[PDB]
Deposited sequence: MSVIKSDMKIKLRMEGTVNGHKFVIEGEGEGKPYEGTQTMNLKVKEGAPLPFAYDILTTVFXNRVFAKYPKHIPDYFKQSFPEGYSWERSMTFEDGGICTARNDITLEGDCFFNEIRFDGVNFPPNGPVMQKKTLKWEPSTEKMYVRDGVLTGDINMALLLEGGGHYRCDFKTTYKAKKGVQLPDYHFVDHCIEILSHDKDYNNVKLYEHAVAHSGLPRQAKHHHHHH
């Protein structure tokens, strides 16, 4: 079922700072190379009044290169699939919650996403769209009460330089029992490859690689 080439369909509905929106996406990736590319269209709530970058890491750890010696929680989870929940705690008190329900129909991953952001200061970098990109990162993966937890120290590079910090916690729940991995890492980088004026259209790329550290 998980082939060397898979397609991806997604719908996100969300509210940030009380602003409602819908974004749909279509793309493709190489699960075994840990790469994926997606084309995202704002369907409702254009133009977004917040930094598009807060959304991009919510737009599937199936797209991560897992070595033999590390059990692949994500790939083992299919065909049944899995869901995740995430909190994003920004250093200025902005908080987001997000979830994705991931299903497999043929060679296509369907992603049903909800995103909610609250308490962004009105003159902070998110509401004033001062973000350039996410720096690369390393997710710390560990089992807690029988499900996979990922913690990340994430940072947005700001216009003018310097960084806006965010702590991620993701809980990943396979819909069937799998071989649980030991403590390990997933390196990430995520890049907006192109966008129009108000990010109504966005081409998004991720590379991810699992490893056991030093």
*In sequence order, which deposited residues have no C-alpha?*
1-2, 62, 218-228
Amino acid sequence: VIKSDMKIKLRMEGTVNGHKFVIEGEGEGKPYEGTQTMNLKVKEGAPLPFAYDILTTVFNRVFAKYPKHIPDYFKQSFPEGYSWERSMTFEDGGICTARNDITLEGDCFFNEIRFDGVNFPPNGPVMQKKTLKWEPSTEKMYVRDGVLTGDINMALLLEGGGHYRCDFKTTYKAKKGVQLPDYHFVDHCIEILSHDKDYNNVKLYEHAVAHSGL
From here on, numbers count along this sequence of modelled residues.
*For the stretches 163-171 and 45-53, which has the higher mean C-alpha B-factor as given in the deposited record?*
45-53
*Averaged over C-alpha atoms, is the B-factor higher for 130-138 or for 74-82 in this PDB entry?*
74-82
*Compare the CA B factors listed in the entry for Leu180, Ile152, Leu158, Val58 and report the winner.*
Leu180
*Of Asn123, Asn100, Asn119, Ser87, which one's C-alpha B factor is largest in the deposited record?*
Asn123
_CA B-factor ranking of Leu193, expressed as a third of its chain_ = highest
*Third of the chain, ranked by Cα B-factor, where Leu104 sits*: highest
